[PDB]
Engineer: 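I am attaching a structure below and will ask some questions about it afterwards.
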Amino acid sequence: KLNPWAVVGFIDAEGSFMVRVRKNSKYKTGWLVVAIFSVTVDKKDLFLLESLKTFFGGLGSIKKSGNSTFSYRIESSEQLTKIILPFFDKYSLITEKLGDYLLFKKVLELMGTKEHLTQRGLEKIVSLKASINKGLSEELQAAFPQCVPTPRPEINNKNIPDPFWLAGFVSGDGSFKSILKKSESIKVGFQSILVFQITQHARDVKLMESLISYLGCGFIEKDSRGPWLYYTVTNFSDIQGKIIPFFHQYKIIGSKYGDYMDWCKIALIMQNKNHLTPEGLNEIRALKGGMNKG
DNA sequence: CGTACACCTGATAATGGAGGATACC
DNA sequence: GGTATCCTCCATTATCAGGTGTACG
Ligand SMILES: [Ca+2]
Ligand SMILES: [Ca+2]
Ligand SMILES: [Ca+2]
């Protein structure tokens, strides 16, 4: 069952807050405006899509998205205003997704008021939409050559509001990795390595830097192929002593929870030093095999 | 012997859309 | 008609998931 701050964290990590402006000559302006809250998970996490649905009052639909993914969506601007806006105004996002939530919100305010059915309000909404995802499409850019994107919200210095935020966030983005690495000097031939790891776009560097002080361990690394950061923990005593305890109280949601549990099992084998024997190494090979699986 | 940070790489589940039909005022 | 919501489908990239090298105790 789902706690408000965990929903916020999860959504900081996995939601999209979208606005669409679609050409259709049946509308007086030539355009139909639509606002959409969307969360898309692999089919193994349908359970979690139904919880969110339940959490948000039984509102919205769950549908097939990709070849093996499902979306939970709320596309009624009325429902978004009554149920989504009051939850996220009270329980705020702290990543750059907040910018998009704020812009998304002004679009709905303008829809509340029918200013979307006017030429000026529509132009406002297109400027807003322009700052939600790196611009407008080719088509909208040309329909609206005159629009200056609404400048993005200055979203300074946001602390982790609650431990459940982090449980939620790691549930969406976050990996409990088990590695077996060739070793020339270990007697059994392989080193058993546990890594805790959060990936995020480099835009969220502040958040990523706050993870170090919040958990009292780890370090940031930049991916050399593009603008993405890793928060990494590889020190095993920080794993045993900080990360495992944290996620024991503040549990991961979705199927990834089964992965945390197996990673914990690997860690117990490591604490006892059984990873240094043939038997323990095989236990670990078998646990690692069933992770990302079932 | 064994560990841990700095560095490396490929695969795909999310990111963030899209369009058509239908329901509703 | 005008407007709002439901439904079905998709290209790319933000992750996610494996490694490796080698200094150091
Ligand atoms: Ca994410
Ligand atoms: Ca965005
Ligand atoms: Ca994710």
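We use all heavy atoms of the structure for the numbers below, so side chains are in, but hydrogens, waters and symmetry mates are not. Protein chains get the first letters and strands the later ones, always in sequence-line order, with residue 1 at the start of each.
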Engineer: Listing time: all N or O pairs from protein to nucleotides 18-25 of chain C that are below 3.5 Å?
Structural biologist:
{"unit_1": "C/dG18", "atom_1": "OP2", "unit_2": "A/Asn292", "atom_2": "ND2", "d": "2.5"}
{"unit_1": "C/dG18", "atom_1": "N7", "unit_2": "A/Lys177", "atom_2": "NZ", "d": "2.9"}
{"unit_1": "C/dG18", "atom_1": "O6", "unit_2": "A/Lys177", "atom_2": "NZ", "d": "3.1"}
{"unit_1": "C/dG19", "atom_1": "OP2", "unit_2": "A/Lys288", "atom_2": "NZ", "d": "2.8"}
{"unit_1": "C/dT20", "atom_1": "OP2", "unit_2": "A/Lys182", "atom_2": "N", "d": "3.0"}
{"unit_1": "C/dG21", "atom_1": "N7", "unit_2": "A/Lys181", "atom_2": "NZ", "d": "3.2"}
{"unit_1": "C/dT22", "atom_1": "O4", "unit_2": "A/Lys181", "atom_2": "NZ", "d": "2.8"}

Engineer: At under 4.0 Å between heavy atoms, what does A/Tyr230 touch on the DNA or RNA strands: base, sugar-phosphate, or nothing?
Structural biologist: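 Result for A/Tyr230 = base.
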Engineer: So what does A/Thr234 hit on the nucleic acid, given a heavy-atom distance under 4.0 Å: a base, only sugar-phosphate, or nothing?
Structural biologist: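 Base contact.
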Engineer: Mind telling me if B/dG17 is north or south by its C1'-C2'-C3'-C4' torsion?
Structural biologist: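 By the sign criterion, B/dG17 is north.
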Engineer: Please give, in whole Å, the distance from C/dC16 P to A/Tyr231 OH?
Structural biologist: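 Rounded to the whole Å, the gap is 16 Å.
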Engineer: Between A/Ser61 (side chain only) and A/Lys63 (backbone N and O only), is there a donor and an acceptor less than 3.5 Å apart?
Structural biologist: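 No; zero donor-acceptor contacts below 3.5 Å.
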Engineer: Read from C1'-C2'-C3'-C4', is the pucker at C/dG21 north or south?
Structural biologist: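 That sugar belongs to the south family, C2'-endo side.
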Engineer: Side chains of A/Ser175 and A/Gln197: donor-acceptor distance under 3.5 Å anywhere?
Structural biologist: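 Side-chain D/A pair, A/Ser175 to A/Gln197: absent.
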Engineer: When the distance from NZ of A/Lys134 to P of C/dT13 is rounded to whole Å, what number comes out?
Structural biologist: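 So the NZ-P distance, A/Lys134 to C/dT13, works out to 8 Å.
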Engineer: Any side-chain N or O of A/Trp228 under 4.0 Å from OP1/OP2 of C/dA14?
Structural biologist: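 Result: yes.
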Engineer: What I want to find out is whether A/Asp42 reaches A/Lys44 closely enough, with some N-O distance under 4.0 Å, to be called a salt bridge.
Structural biologist: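 Between A/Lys44 and A/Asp42 there is no salt bridge, as every charged N stays at least 4.0 Å from the carboxylate O atoms.
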Engineer: Any chance the side chains of A/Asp173 and A/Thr199 put a donor and an acceptor closer than 3.5 Å?
Structural biologist: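 Per modelled atom types, A/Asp173 and A/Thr199 side chains form no pair under 3.5 Å.
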Engineer: Is C/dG18 north-puckered or south-puckered, judged from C1'-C2'-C3'-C4'?
Structural biologist: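 It's north.
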Engineer: Could you pick out which residue, A/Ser183 or A/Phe219, lies toward the 5' side of DNA chain B when each is mapped onto its nearest nucleotide?
Structural biologist: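 Closer to the 5' end of DNA chain B: A/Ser183.
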Engineer: Give the minimum heavy-atom separation between A/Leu85 and A/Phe104, together with the two atoms involved.
Structural biologist: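 Scanning both residues completely, I find the closest heavy atoms to be CD2-CE2, 4.0 Å.
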Engineer: Before accepting this row, confirm whether a basic side-chain N of the pair A/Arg152/A/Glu96 lies closer than 4.0 Å to the acidic partner's carboxylate O.
Structural biologist: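 Looking at A/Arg152 and A/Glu96, the cut-off is met.
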Engineer: Could you encode protein contacts along nucleotides 2-8 of chain C as a string, one character per nucleotide from 5' to 3', using B for base contact, S for sugar-phosphate-only contact and - for no contact, with a heavy-atom cut-off of under 4.0 Å?
Structural biologist: SBBBBBB
Engineer: Look at atom CD of A/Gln141 and say whether more than 12 heavy atoms of other residues, nucleotides or ligands are closer to it than 6.0 Å.
Structural biologist: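 Buried by this count: over 12 neighbours within 6.0 Å.
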Engineer: Residues sharing A/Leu32's hydrophobic cluster, by side-chain heavy-atom contacts under 4.5 Å among ILVMFWY, directly or via others?
Structural biologist: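 Answer for A/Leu32: A/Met18, A/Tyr27, A/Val34, A/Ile36.
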Engineer: Would you find more than 12 non-hydrogen atoms of other residues, nucleotides or ligands less than 6.0 Å from A/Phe47 atom CZ?
Structural biologist: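 No - once you tally the heavy atoms of other residues, nucleotides and ligands closer than 6.0 Å, there are 12 at most.
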Engineer: Classify A/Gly172 by what it touches in the nucleic acid, base, sugar-phosphate, or nothing, heavy-atom distance under 4.0 Å.
Structural biologist: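 If one applies the 4.0 Å heavy-atom cut-off, A/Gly172 turns out to touch the sugar-phosphate alone, with no base involved.
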Engineer: Sequence neighbours excluded, which residues qualify as side chain to side chain contact (heavy atoms under 4.5 Å, CB included) partners of A/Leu2?
Structural biologist: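 So A/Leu2 forms a side chain to side chain contact (heavy atoms under 4.5 Å, CB included) with A/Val7, A/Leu48, A/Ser51, A/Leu52, A/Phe55, A/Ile253.
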Engineer: Distance check needed: C/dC16 P versus A/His201 NE2, whole Å only.
Structural biologist: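 Atom NE2 in A/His201 sits about 14 Å away from atom P in C/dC16.
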Engineer: Reckon A/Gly66 touches a base, only the sugar-phosphate, or nothing at all at heavy-atom distances under 4.0 Å?
Structural biologist: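 Nothing, no heavy atom under 4.0 Å.
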Engineer: Which whole-number value in Å describes the distance from A/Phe176 CZ to C/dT15 P?
Structural biologist: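 Going from CZ in A/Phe176 over to P in C/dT15 covers 16 Å.
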Engineer: Between C/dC16 atom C1' and A/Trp263 atom CH2, what is the distance in whole Å?
Structural biologist: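 Distance, rounded to whole Å: 15 Å.
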Engineer: Heavy atoms under 4.0 Å, any strand shown: does A/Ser68 hit a base, just sugar-phosphate, or nothing?
Structural biologist: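 The residue A/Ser68 makes sugar-phosphate contact but no base contact.
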Engineer: What range of DNA chain B does chain A touch, first nucleotide to last, counting atoms under 4.0 Å from its heavy atoms?
Structural biologist: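 It runs B/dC1 to B/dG20.
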Engineer: Which part of the nucleic acid does A/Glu221 contact within heavy-atom distance under 4.0 Å: base, sugar-phosphate only, or nothing?
Structural biologist: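 The answer is base, as A/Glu221 lies within the cut-off (heavy atoms under 4.0 Å) of a base atom.
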Engineer: Based on whether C1'-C2'-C3'-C4' is positive or negative, which pucker family does C/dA17 belong to?
Structural biologist: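 South pucker for C/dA17.
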Engineer: Suppose the criterion is salt bridge (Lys or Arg N to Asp or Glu O under 4.0 Å): which pairs have a residue in residues 241-263 of chain A, not counting sequence neighbours?
Structural biologist: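 Sorted pair list: A/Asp238-A/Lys242.
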Engineer: Hey, is NZ on A/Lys53 packed in by over 12 heavy atoms from elsewhere, all under 6.0 Å?
Structural biologist: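 Yes.
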Engineer: Need one value for A/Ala13: base, sugar-phosphate or nothing, where a base atom within 4.0 Å counts as base even if backbone is also close, heavy atoms only.
Structural biologist: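 Sugar-phosphate contact only - A/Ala13 comes under 4.0 Å of backbone atoms but never of a base.
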Engineer: 5'-most contact on DNA chain B: A/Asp238 or A/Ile186, nearest heavy atom basis?
Structural biologist: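 By nearest-heavy-atom nucleotide position, the 5'-most residue is A/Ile186.
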Engineer: Calculate the interatomic distance between A/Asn133 atom CG and C/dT12 atom P; express it in whole Å.
Structural biologist: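 So the two atoms are 14 Å apart, to the nearest Å.
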Engineer: Is it true that A/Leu166 and A/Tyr230 fall in one hydrophobic cluster, defined by side-chain heavy atoms closer than 4.5 Å?
Structural biologist: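 No, no single cluster joins them.
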